[PDB]
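> Chains as they are written, first to last, in PDB author numbering: chain B, 22 to 259; chain D, 22 to 259; chain C, 22 to 259; chain A, 22 to 259.
What follows is a structure written as structure tokens; I'll ask about it next.
Number of protein chains: 4
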Amino acid sequence: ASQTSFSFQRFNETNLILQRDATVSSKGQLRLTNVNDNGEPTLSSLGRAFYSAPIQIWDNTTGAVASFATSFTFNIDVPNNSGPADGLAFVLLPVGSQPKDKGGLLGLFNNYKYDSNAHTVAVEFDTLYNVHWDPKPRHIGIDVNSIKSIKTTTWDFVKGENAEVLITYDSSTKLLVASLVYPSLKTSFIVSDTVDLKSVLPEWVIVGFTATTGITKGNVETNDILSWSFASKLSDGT
Amino acid sequence: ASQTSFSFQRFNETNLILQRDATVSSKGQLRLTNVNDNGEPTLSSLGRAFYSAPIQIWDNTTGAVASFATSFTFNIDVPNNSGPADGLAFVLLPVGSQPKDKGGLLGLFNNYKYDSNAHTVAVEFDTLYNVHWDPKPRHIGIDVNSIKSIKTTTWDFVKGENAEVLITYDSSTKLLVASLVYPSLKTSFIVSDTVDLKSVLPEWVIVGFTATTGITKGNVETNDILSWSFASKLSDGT
Amino acid sequence: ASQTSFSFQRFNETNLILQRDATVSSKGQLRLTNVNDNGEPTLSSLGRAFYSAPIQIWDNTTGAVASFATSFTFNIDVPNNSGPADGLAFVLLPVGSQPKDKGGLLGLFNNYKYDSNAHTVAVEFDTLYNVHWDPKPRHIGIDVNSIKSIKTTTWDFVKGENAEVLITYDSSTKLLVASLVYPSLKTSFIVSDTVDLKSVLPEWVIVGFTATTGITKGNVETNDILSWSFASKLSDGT
Amino acid sequence: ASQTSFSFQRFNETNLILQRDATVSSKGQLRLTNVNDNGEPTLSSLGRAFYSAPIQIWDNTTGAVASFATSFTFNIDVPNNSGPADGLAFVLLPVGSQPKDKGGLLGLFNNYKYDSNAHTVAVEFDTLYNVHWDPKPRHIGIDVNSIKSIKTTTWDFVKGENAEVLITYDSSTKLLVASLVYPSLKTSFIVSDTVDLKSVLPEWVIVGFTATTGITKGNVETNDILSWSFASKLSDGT
Ligand SMILES: [Ca+2]
Ligand SMILES: [Ca+2]
Ligand SMILES: [Ca+2]
Ligand SMILES: [Ca+2]
Ligand SMILES: [Mn+2]
Ligand SMILES: [Mn+2]
Ligand SMILES: [Mn+2]
Ligand SMILES: [Mn+2]
């Protein structure tokens with residue numbers, strides 16, 4: 022009834038809305054945070070990227086909510102004598118949404134309080150423990166209007182390893198499932214919770230990614246997206 | 022490898038680039054040319070509509086060309102005591118492409134001469150005979166860099182009836198096939214001819230529609246798109 | 022809701038139901054009629070190949086009818102000093118159906134009268150004119166329980182040239198559309214009419230091909246399928 | 022190049038190969054193991070069901086391996102005064118494969134030893150702990166030519182609840198991933214390992230399910246499949 026799907030092996034900036042430090046390298050890689058000339062990630066970075074066509078997530082007339090699935094391969098690497106920070110997230114935001122506060126707030130919030138008017142659904146890949154909200158181990162978290170996830174799962178983060186993610190949303194069950202696998206480590210992690218899109222997001226949203234590096238020294242990482250697939254389906258009724 | 026596909030039964034301006042007279046009605050119909058308050062098509066009208074995300078048609082490195090297919094339902098109506106003009110088209114144009122001269126040039130050209138710098142591939146639905154270039158009967162025609170179509174086929178145009186269009190392009194054979202059916206009238210029409218996309222179109226193009234009304238009194242039509250689907254695949258090689 | 026689609030560039034007998042003279046050559050070609058060791062087609066040959074899984078076309082409980090589409094590439098060649106006969110057809114038949122009479126009856130019917138107990142929907146590619154029912158020119162026809170097509174269209178048959186075919190059925194409008202293209206000759210043909218599947222076919226059917234060579238010397242051809250794609254969708258109401 | 026996908030919300034025997042106790046109920050549920058007239062599952066049952074068309078997993082000429090995905094929703098329920106047993110499994114088996122020993126071997130193996138001639142890849146959902154090979158808690162397992170799974174993960178089995186299963190296989194990484202979600206409980210589980218299809222399975226296989234009930238009083242369950250989707254893709258090279 023209304024179908025959108027896109028699939029990219031290599032990125033080009035032509036069909037993307039890049040914000041802040043988010044660039045497209047000559048290799049075709051979506052490098053969300055800054056990396057200098059020597060192949061080294063820099064501190065205090067922030068970058069967001071989006072598919073240039075907004076997607077309809079729901080319709081107020083019909084009452085219908087879209088089911089969507091997305092899959093992406095990312096590489097987060099850390100230079101020597103450093104820990105990682107701060108991570109990356111897949112997001113659904115209002116059209117023309119502008120970057121927020123850097124570091125641990127991932128460019129999505131300005132504080133660690135809940136914001137009913139944030140209109141933000143995100144699946145986070147956290148690489149840093151923030152004492153005021155995060156669980157102690159590194160995690161995958163579902164974020165609904167807060168940096169303090171509604172549900173998390175332990176993620177055994179390993180630097181330099183390609184990570185293959187699948188995020189699915191079934192509107193009939195309201196279940197958002199997110200999974201990560203490391204093909205070389207053969208490891209796998211999954212998290213799931215119910216999210217009521219209709220009450221959180223606007224009818225039209227932009228889809229894509231956001232990443233930030235740490236502000237303190239010794240906490241930094243690359244945040245590269247290597248491939249992306251997205252598909253949503255919204256029923257209007259023949 | 023690089024897949025893109027979208028399908029709409031109702032239109033909204035949120036995921037479209039609209040140009041000149043093109044509007045989306047409150048019913049959810051992409052109305053390309055101007056219509057006054059009484060539902061009457063107006064003369065000298067030109068409108069263009071595009072999907073907000075550009076599509077990649079070929080790659081310079083890999084040398085590959087995309088295959089694409091598009092289907093849509095259009096309704097051309099003509100008011101009483103008038104004839105039809107000038108027709109509408111499915112178009113592939115450069116990113117940021119601006120409208121051209123109106124009338125029987127369908128907003129794609131400034132004259133009826135070949136123009137290698139036009140970078141224009143279009144499937145036209147011609148409702149008015151232009152002495153200088155068109156065949157006499159109303160026709161479906163394949164346009165490559167010129168309003169004089171490289172091939173045409175007789176289209177028995179009937180006003181106010183829904184026409185269902187399928188346009189397919191095989192890159193392996195370079196064949197562009199365009200067909201039209203009136204599900205009520207049970208009539209079908211088809212035209213096919215070779216097009217080399219690599220030599221005519223830039224790597225990245227916008228996809229969508231153009232339409233114009235007649236400039237002389239007695240020649241005018243509505244140019245409405247009711248539903249639209251598009252899909253294109255481009256191989257990179259894993 | 023109930024979706025089935027397949028696509029084969031190369032054929033193998035493992036997933037097909039072959040009948041009579043139908044064979045899969047060592048190249049991966051579906052050779053519907055018989056060909057000797059010299060590479061010559063034999064007279065009075067009959068073959069039929071189907072997909073090994075039956076497909077649901079309609080539901081008696083919901084009343085819902087499937088929308089389907091099939092696309093394939095066939096090669097019909099005529100040896101020296103001969104005419105072409107009789108043709109091949111894409112068919113929908115009851116599960117477990119047996120071959121019928123050969124010749125200008127394409128292995129589908131016993132006679133050239135209408136038969137409501139036949140349960141046969143077919144798109145024919147008729148190369149030989151049969152005085153008793155066919156039109157004089159070579160044609161594409163839509164067969165419903167009779168070899169006398171309900172609708173036909175002229176087909177400029179050329180031997181030894183690859184022919185790409187698209188057959189689409191839309192249950193909302195009950196319209197069946199059939200087109201043929203010759204990629205190298207740039208020629209194209211189309212035929213369309215409505216068909217009420219709900220009254221003709223059983224709920225479950227088999228899909229595939231049927232072919233025959235002529236019974237009289239100097240009237241023979243090859244009937245080959247080089248690739249096949251099929252898709253059908255059937256709503257049940259979530 | 023060679024693609025097959027199918028999707029069913031209701032079942033019918035027409036397009037499935039049923040073995041032993043496997044039955045398709047009036048409600049349209051694939052009931053793998055036997056259920057008496059009260060609703061009670063019976064002891065020592067075995068049932069297997071398969072899609073009628075065989076699926077090609079690899080080609081010996083090109084050496085190419087297929088990537089496949091499958092999702093199903095199953096229901097396992099236990100009658101009062103009993104524990105569960107023995108489980109159900111999604112399987113890939115050689116064409117014409119016949120059921121093996123019942124009980125904890127799930128109708129795939131004759132003992133609990135590795136058998137290279139088994140030609141059996143299966144994702145199990147084990148509800149009964151077997152001292153000689155199983156991990157203590159109820160698990161999801163990846164089986165390769167042996168009931169002793171190459172990798173497992175704890176699965177918190179809850180009777181009576183619909184479970185949604187996704188199984189993906191990427192032929193480039195040789196990685197198989199299997200996940201289970203309980204939509205109503207919001208719980209979710211995942212496991213992944215490498216499997217070399219080319220060396221284990223034959224060119225063509227039948228895809229589907231197998232299930233067994235316990236041989237000892239007090240250990241029994243229903244093994245119901247409520248919906249099924251399967252997709253595979255094998256590249257010949259254009
Ligand atoms: Ca954090
Ligand atoms: Ca004209
Ligand atoms: Ca004939
Ligand atoms: Ca067990
Ligand atoms: Mn966190
Ligand atoms: Mn024209
Ligand atoms: Mn005929
Ligand atoms: Mn086990």
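Where is the CB? At the ideal position from N, CA and C, for every residue including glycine.
Does C:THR233 pass the burial test, meaning 16 or more other C-beta atoms within 10 Å, or should it be called exposed?
buried
> Hey, does C:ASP177 have any beta-carbon neighbour from chain D nearer than 7 Å?
Not an interface residue.
> Can you find a heavy atom of ligand 6 that lies under 6 Å from the Cβ of C:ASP155?
no
> Can you give, in chain order, each stretch of the beta strand (DSSP E) that sits fully within the segment 185-239 of chain B and has at least 3 residues?
196-203, 208-215, 225-234
> For A:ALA22, go through chain C and note every residue whose CB falls closer than 7 Å to its CB, in chain order.
Residues of chain C passing the Cβ test: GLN30.
> Which stretch, first to last residue, makes up the beta strand (DSSP E) that contains D:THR54?
No beta strand (DSSP E) contains D:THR54, which DSSP labels as neither H nor E.
> Taking Cβ positions only, does B:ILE211 come closer than 7 Å to chain A?
Chain A, which has a Cβ nearer than 7 Å to the Cβ of B:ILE211, makes this yes.
> When the cut-off is 7 Å and only beta carbons count, does residue 286 of chain B lie next to chain A?
Lying outside 22 to 259, the shown extent of chain B, residue 286 of chain B is not represented and no answer is given.
> Answer yes if the segment 150-159 of chain C comes into contact with the segment 65-79 of chain C, meaning at least three C-beta pairs across the two stretches below 8 Å, and no otherwise.
no
> Can you name the start and end residues of the beta strand (DSSP E) that D:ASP42 belongs to?
Neither: D:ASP42 is in no beta strand (DSSP E) and is coded neither H nor E.
> Do D:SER213 and D:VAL198 come within 7 Å of each other at the CB atom, strictly closer than that value?
yes
> Ordered along the chain, which non-local residues of its own chain (more than five positions away) have a Cβ less than 6 Å from that of B:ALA90?
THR189, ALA252
> Any Cβ of chain A within less than 7 Å of the Cβ of C:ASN36?
Interface residue, yes.
> So which residues on chain A does C:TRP225 lean against when the C-beta distance must stay under 8 Å?
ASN33, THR35, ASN36
> Could you tell me which residues DSSP puts in a beta bridge with D:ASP147?
DSSP lists D:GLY108, D:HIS160 as partners of D:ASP147.
> Hey, is D:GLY104 close to ligand 6, as in C-beta under 6 Å from one of its heavy atoms?
no
> Considering C:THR91, what are the terminal residues of the beta strand (DSSP E) in which it resides?
88-96
> Since D:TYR72 meets chain B, which of its residues come closer than 8 Å, beta carbon to beta carbon?
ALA74
> For B:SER26, return the contacting residues in chain D, with the cut-off set at a CB-CB distance below 8 Å.
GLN24, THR25, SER26, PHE27
> Which residues, in chain order, does the segment 182-200 of chain C contribute to contact with chain D at a C-beta distance below 7 Å?
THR194, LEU196, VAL198, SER200
> Does any residue of chain C have a CB that is nearer than 7 Å to the CB of D:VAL202?
D:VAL202 counts as touching chain C.
> Pick helix, strand or coil for C:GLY124, following the three-state DSSP scheme.
Helix at C:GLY124.
> Can you tell me the Cα-Cα spacing of A:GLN40 and A:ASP245, whole angstroms?
15 Å
> Under a Cβ-count criterion, where at least 16 other Cβ atoms within 10 Å of its own Cβ denotes burial, should A:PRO100 be classed as buried or exposed?
exposed
> Which of the three DSSP states, helix, strand or coil, is assigned to C:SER47?
Looking at C:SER47 - three-state DSSP - the assignment turns out to be coil, as it is neither helix nor strand.
> Does B:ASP257 have its Cβ less than 7 Å from a Cβ in chain D?
So yes, B:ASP257 belongs to the interface.
> Could you tell me the alpha carbon to alpha carbon distance between D:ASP80 and D:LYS195, rounded to whole angstroms?
16 Å
> Cβ of A:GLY125 within 6 Å of any heavy atom in ligand 4?
yes
> With DSSP collapsed to three states, give me the class of C:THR174.
Residue state, collapsed to three classes: strand.
> Under 7 Å between C-beta atoms, does B:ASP214 make it to chain A?
Judged by the 7 Å Cβ criterion, B:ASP214 is in contact with chain A.
> Whose C-beta lies closer than 6 Å to the C-beta of D:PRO105 among residues of the same chain, with five residues either side of it excluded?
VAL99, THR148, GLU242
> Would you please verify whether the beta carbon of D:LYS207 is less than 7 Å from any beta carbon of chain C?
yes
> Span of the beta strand (DSSP E) holding A:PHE130?
Run containing A:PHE130: none; DSSP gives neither H nor E here.
> Tell me whether D:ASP147, by its Cβ, gets closer than 6 Å to a heavy atom of ligand 6.
yes
> Apply the 10 Å Cβ neighbour rule to D:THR175 and answer buried if 16 or more other Cβ atoms are within range, or exposed otherwise.
exposed
> Scan the segment 106-120 of chain B for residues whose Cβ lies nearer than 8 Å to a Cβ of chain D and list them as they occur along the chain.
Answer set for the segment 106-120 of chain B: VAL116.
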